file input.cif (mmCIF, C-alpha atoms)
data_coords
loop_
_atom_site.label_atom_id
_atom_site.label_comp_id
_atom_site.auth_asym_id
_atom_site.auth_seq_id
_atom_site.Cartn_x
_atom_site.Cartn_y
_atom_site.Cartn_z
CA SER A 967 22.11 41.20 39.43
CA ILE A 968 23.92 38.81 41.78
CA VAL A 969 22.00 35.74 40.55
CA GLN A 970 23.06 36.98 37.08
CA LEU A 971 26.71 37.08 38.18
CA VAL A 972 26.41 33.39 39.09
CA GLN A 973 24.37 32.86 35.93
CA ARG A 974 27.57 33.57 33.98
CA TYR A 975 29.40 31.18 36.28
CA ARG A 976 26.98 28.87 38.16
CA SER A 977 28.22 25.77 36.37
CA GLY A 978 31.71 27.21 36.51
CA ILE A 979 33.66 28.54 33.58
CA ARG A 980 33.33 24.99 32.17
CA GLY A 981 29.66 24.20 31.70
CA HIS A 982 29.28 27.73 30.38
CA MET A 983 32.34 27.71 28.08
CA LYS A 984 30.67 24.52 26.84
CA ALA A 985 27.14 25.96 26.97
CA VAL A 986 27.84 29.16 25.04
CA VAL A 987 29.66 27.45 22.16
CA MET A 988 27.01 24.72 22.46
CA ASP A 989 24.25 27.33 22.08
CA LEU A 990 25.70 29.01 18.96
CA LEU A 991 26.18 25.60 17.32
CA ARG A 992 22.50 24.90 18.03
CA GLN A 993 21.91 28.39 16.55
CA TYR A 994 23.46 27.34 13.24
CA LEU A 995 21.46 24.12 13.64
CA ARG A 996 17.91 25.36 14.21
CA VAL A 997 18.20 27.85 11.33
CA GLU A 998 19.77 25.28 9.01
CA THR A 999 17.46 22.36 9.89
CA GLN A 1000 14.37 24.33 8.86
CA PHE A 1001 16.47 25.65 5.96
CA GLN A 1002 16.93 22.21 4.42
CA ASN A 1003 14.14 19.68 4.92
CA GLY A 1004 13.33 18.52 1.37
CA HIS A 1005 14.53 21.23 -1.03
CA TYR A 1006 15.39 24.94 -0.84
CA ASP A 1007 12.44 26.38 -2.79
CA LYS A 1008 9.40 24.75 -1.17
CA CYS A 1009 11.12 25.15 2.23
CA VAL A 1010 11.67 28.92 1.86
CA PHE A 1011 7.90 29.39 1.93
CA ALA A 1012 7.91 27.47 5.21
CA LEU A 1013 10.64 29.96 6.21
CA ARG A 1014 8.44 32.82 4.94
CA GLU A 1015 5.54 31.77 7.19
CA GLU A 1016 7.08 31.28 10.66
CA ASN A 1017 7.52 35.10 11.03
CA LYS A 1018 5.02 36.70 8.65
CA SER A 1019 4.41 39.85 10.73
CA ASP A 1020 7.84 41.52 10.36
CA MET A 1021 10.66 41.15 7.83
CA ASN A 1022 13.69 43.03 9.22
CA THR A 1023 14.74 39.84 11.06
CA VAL A 1024 14.12 37.97 7.78
CA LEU A 1025 16.89 39.86 5.98
CA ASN A 1026 19.48 38.43 8.35
CA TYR A 1027 17.77 35.04 7.91
CA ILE A 1028 18.01 35.08 4.10
CA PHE A 1029 21.55 36.49 4.24
CA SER A 1030 22.82 33.80 6.69
CA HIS A 1031 22.11 30.63 4.66
CA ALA A 1032 23.72 31.97 1.46
CA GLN A 1033 27.22 30.57 2.22
CA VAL A 1034 26.23 27.21 3.72
CA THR A 1035 29.20 25.38 2.19
CA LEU B 2278 9.58 14.80 37.93
CA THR B 2279 7.54 12.87 35.39
CA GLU B 2280 10.04 11.79 32.79
CA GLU B 2281 12.03 9.15 34.62
CA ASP B 2282 15.15 8.11 32.67
CA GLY B 2283 14.48 10.86 30.11
CA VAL B 2284 16.64 13.78 29.00
CA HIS B 2285 18.03 15.89 31.79
CA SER B 2286 18.10 19.64 32.12
CA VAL B 2287 21.15 21.84 32.59
CA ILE B 2288 20.85 21.92 36.39
CA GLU B 2289 20.24 18.17 36.48
CA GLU B 2290 23.78 17.79 35.18
CA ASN B 2291 24.83 20.24 37.85
CA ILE B 2292 22.99 18.40 40.65
CA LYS B 2293 24.73 15.17 39.70
CA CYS B 2294 27.92 17.24 39.49
CA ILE B 2295 27.61 18.53 43.06
CA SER B 2296 26.85 14.96 44.13
CA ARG B 2297 29.83 13.72 42.09
CA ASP B 2298 31.93 16.67 43.25
CA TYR B 2299 30.94 16.06 46.89
CA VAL B 2300 32.07 12.41 46.85
CA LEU B 2301 35.43 13.55 45.40
CA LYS B 2302 36.08 16.05 48.21
CA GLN B 2303 35.47 13.31 50.78
CA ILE B 2304 38.40 11.21 49.57
CA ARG B 2305 40.50 14.38 49.61
CA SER B 2306 39.03 15.16 53.03
CA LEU B 2307 39.44 11.54 54.18
CA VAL B 2308 43.20 11.62 53.54
CA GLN B 2309 43.48 14.82 55.57
CA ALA B 2310 42.47 13.00 58.75
CA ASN B 2311 44.50 9.92 57.71
CA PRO B 2312 47.18 10.84 55.14
CA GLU B 2313 49.05 7.56 55.61
CA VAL B 2314 46.22 5.83 53.78
CA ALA B 2315 46.93 7.98 50.69
CA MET B 2316 49.94 6.02 49.39
CA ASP B 2317 48.44 2.54 49.87
CA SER B 2318 45.14 3.80 48.45
CA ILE B 2319 46.91 4.55 45.15
CA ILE B 2320 47.54 0.92 44.14
CA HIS B 2321 43.80 0.29 44.83
CA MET B 2322 42.78 3.76 43.57
CA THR B 2323 44.45 3.24 40.14
CA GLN B 2324 42.23 0.41 38.85
CA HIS B 2325 40.57 2.73 36.28
CA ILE B 2326 42.75 4.11 33.31
CA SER B 2327 45.83 2.95 35.38
CA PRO B 2328 48.87 3.27 33.04
CA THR B 2329 48.03 6.85 32.03
CA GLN B 2330 47.11 7.69 35.61
CA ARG B 2331 50.39 6.40 37.05
CA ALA B 2332 52.19 8.41 34.36
CA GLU B 2333 50.43 11.68 35.33
CA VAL B 2334 51.81 11.50 38.88
CA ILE B 2335 55.36 10.97 37.53
CA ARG B 2336 55.09 14.01 35.25
CA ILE B 2337 54.12 16.09 38.28
#
call {"tool": "encode", "arguments": {"input": "input.cif", "output": "C-alpha cells"}}
result
Amino acid sequence: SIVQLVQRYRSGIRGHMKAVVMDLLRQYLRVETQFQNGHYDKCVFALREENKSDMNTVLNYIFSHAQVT
Amino acid sequence: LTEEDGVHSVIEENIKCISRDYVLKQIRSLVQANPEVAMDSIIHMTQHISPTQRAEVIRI
C-alpha cells in the first residue's frame, strides 16, 4: 500500500501527470491503429477475432470508434 | 541489459533523472559552502539559453 502511494508519485507529480495523459492518448491510439489499417470492413473482422470469447467489452469497442472525426 | 542504445523504460528515465537531479543539487550545495562563487559563476553559468535566463532572474 505504501509502494502504491509512491507509485502515484514516484516520478513526482510530473512524470505521472505526463504518464497518465500519455497513457490515455496511447489508449486512443492502440484502439484506433487496429481500427484503421487498410479499410474499416476487412479490419472489423480482425477486430472481431482478437477477443472472440466474450463480447460485452466489444460493445464499448464498437461504440468508441463511431465518432472518430 | 541487452539492448544497448535502445528504448528506455520509465525508471530508466528516472535513474537518469536522479543522476541529473543529483548533479544539480551539488551546485546548489557547492554555493552553500562558498556562496561568494555564486555571483561570478553566473556569467560562466549563463552560456546556455543566456538572454532568456538573464531575464528570468530580473523578473524575480
call {"tool": "atom_distance", "arguments": {"input": "input.cif", "atom1": "atom CA of residue A:994", "atom2": "atom CA of residue A:1030"}}
result
9.2 Å
call {"tool": "atom_distance", "arguments": {"input": "input.cif", "atom1": "atom CA of residue A:981", "atom2": "atom CA of residue A:996"}}
result
21.1 Å
call {"tool": "interface_residues", "arguments": {"input": "input.cif", "of": "chain B", "to": "chain A", "cutoff": "9 Å", "atoms": "only C-alpha atoms", "output": "number ranges by chain"}}
result
B: 2287-2288, 2291
call {"tool": "residues_around", "arguments": {"input": "input.cif", "residues": "residue A:1027", "least_positions_apart": "6", "cutoff": "12 Å", "atoms": "all atoms listed in the file", "output": "compact mmCIF listing (two decimals) with C-alpha atoms, in the frame of the given file"}}
result
# COMPACT_ATOMS: atom_id res chain seq x y z
CA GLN A 993 21.91 28.39 16.55
CA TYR A 994 23.46 27.34 13.24
CA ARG A 996 17.91 25.36 14.21
CA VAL A 997 18.20 27.85 11.33
CA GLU A 998 19.77 25.28 9.01
CA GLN A 1000 14.37 24.33 8.86
CA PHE A 1001 16.47 25.65 5.96
CA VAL A 1010 11.67 28.92 1.86
CA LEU A 1013 10.64 29.96 6.21
CA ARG A 1014 8.44 32.82 4.94
CA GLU A 1016 7.08 31.28 10.66
CA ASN A 1017 7.52 35.10 11.03
CA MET A 1021 10.66 41.15 7.83
CA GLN A 1033 27.22 30.57 2.22
call {"tool": "closest_residue", "arguments": {"input": "input.cif", "among": "A:989, A:980, A:1028, A:1011", "to": "residue B:2294", "atoms": "only C-alpha atoms"}}
result
A:980
call {"tool": "atom_distance", "arguments": {"input": "input.cif", "atom1": "atom CA of residue B:2327", "atom2": "atom CA of residue B:2298"}}
result
21.1 Å
call {"tool": "axis_aligned_box", "arguments": {"input": "input.cif", "around": "stretch 1006-1011 of chain A", "padding_each_side": "8 Å", "output": "lines of an AutoDock Vina configuration file"}}
result
center_x = 11.6
center_y = 27.1
center_z = -0.3
size_x = 23.5
size_y = 20.6
size_z = 21.0
